[PDB]
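Presented below is the structure to which this report refers.
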Amino acid sequence: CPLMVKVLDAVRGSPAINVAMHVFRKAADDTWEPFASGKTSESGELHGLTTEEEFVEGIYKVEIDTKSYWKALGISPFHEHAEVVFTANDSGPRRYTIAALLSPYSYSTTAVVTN
Amino acid sequence: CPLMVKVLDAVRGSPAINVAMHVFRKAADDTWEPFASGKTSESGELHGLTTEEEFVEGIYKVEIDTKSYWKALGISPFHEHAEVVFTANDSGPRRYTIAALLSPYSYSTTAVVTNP
Amino acid sequence: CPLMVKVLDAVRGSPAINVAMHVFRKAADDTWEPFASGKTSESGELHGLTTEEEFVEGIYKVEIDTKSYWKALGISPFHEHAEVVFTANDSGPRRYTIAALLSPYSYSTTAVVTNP
Amino acid sequence: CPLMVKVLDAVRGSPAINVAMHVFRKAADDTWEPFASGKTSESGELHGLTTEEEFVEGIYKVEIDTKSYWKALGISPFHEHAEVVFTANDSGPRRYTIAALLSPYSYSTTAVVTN
């Protein structure tokens, strides 16, 4: 897995489960085309997004339906979703782990790039 | 000021100065109409982006151009930028303060919303 | 004000009001001498804890009593409190702004430090 | 493992490796006695701190030498260390995962409580 996403709930201190998300690549005319989607498991993680063969260097956009997570939980969020936008490098270490910590009015996002 | 943004540098423990930002609105056709743009000051803050009259009900997006900030200081950051999307003013006028904290491989963001 | 603290609620998207804090200093014998205490205001901010003259070189600790904040709102938080330790003024007088962001199971903290 | 700690570097986007830390229990006269210590591995994680038999309900304090991490890296930190203080519950779910995200002038800490 070259690209993995882990989401967390800062309110209950548990993984954020059944969080829908959609990944995107910036096309040459700078529009976002679907690339991958899925929902976080019971560990709040989602793997097998892509393959290193399909995962070529470029601008990518992960989009987390954070609003729908809180909605279903009966809580009023601030954000419509959370978007993570980065360039996938090749020369550089190429195992991306993206983590999002979620609260109603706040979220944080970090990238762990390893070999 | 019904909408303000504040940025800090987590690496230097200081306001993030000269940070460029673009604000967008979601048109009836679901595209991002331009709404306002600016640069944080010496205090890392951006004010007077809009007005009570112009800042109506809608879904807005603030895009903080963090990459270009990090480059100037010799750093290759992870994120192209930081994006903030939210519905505003759907139950009357509110005031929105957006805070962004920036690290090369991480950023956080928070909303203070006040009934004026 | 050479030292200030600001607290926000990440759950309500608002300043964290009536939050009690205790500031300590590290004595020559390595114990925590009391230094100052207070409660955040309506704006979630605490000012005038000390002074330039009284705020000398040292290792200080700010302890933010977050548990008692969450209880009052019906929540059982994870952390007993939030602690901030740092050396201050070891290369001349500085001004310190401490920011705390609070969730029931998470908190962040940031320092802005300015040469006056 | 009832008690695990994962630390991350927000500057380089890698796990924080070889981070020393010390855990503590609040004694009846409210002093902190050593309970456990160790250093984070190459995954920036540290496990096998205690056992669920030794891990009785009480006030605990994890102490992360964040200053020494940055020091060795040639970077000037703000904090002397990072302290996480919580009550270990029994009735409640009892697998604690503590995560600390580290920058020179800032850090965040979150708890994931699971079964």
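Here chain D follows Swiss-Prot for its numbers: 30-144, in order, are the residues you see.
Structure determined by X-ray crystallography, 2.3 Å.
Keep in mind that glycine also has a Cβ here, set from the backbone N, Cα and C atoms.
Record features (Swiss-Prot):
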CARBOHYD  D:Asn118  N-linked glycosylation site
MOD_RES   D:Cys30  sulfocysteine
MOD_RES   D:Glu62  4-carboxyglutamate
MOD_RES   D:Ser72  phosphoserine
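A coil conformation is recorded for the residue listed as 'sulfocysteine' in the three-state DSSP classification, outside any helix or strand. According to DSSP, the residue listed as 'N-linked glycosylation site' sits in a coil region rather than a helix or strand. The shortest Cα-Cα distance between D:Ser72 (phosphoserine) and any of the recorded positions D:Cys30, D:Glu62, D:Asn118 is the one to D:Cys30.
In the three-state DSSP assignment, the secondary structure recorded for the residue listed as '4-carboxyglutamate' is strand.
Listed in sequence order, D:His76, D:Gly77, D:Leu78, D:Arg124 are the same-chain residues six or more apart from D:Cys30 (sulfocysteine) with CB atoms under 8 A from its CB.
The secondary structure of the residue listed as 'phosphoserine', as reduced to three states from DSSP, is coil rather than helix or strand. The Cβ of D:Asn118 (N-linked glycosylation site) lies under 8 Å from the Cβ of D:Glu86, D:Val142, each on the same chain and at least six residues away in sequence. Close to D:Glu62 (4-carboxyglutamate) in the fold, though at least 6 residues off in sequence, lie D:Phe53, D:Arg54, D:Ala56, each with a CB less than 8 Å from its CB. Residues from the set of recorded positions D:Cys30, D:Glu62, D:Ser72, D:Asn118 situated with their C-beta under 8 Å of a chain B C-beta: none.
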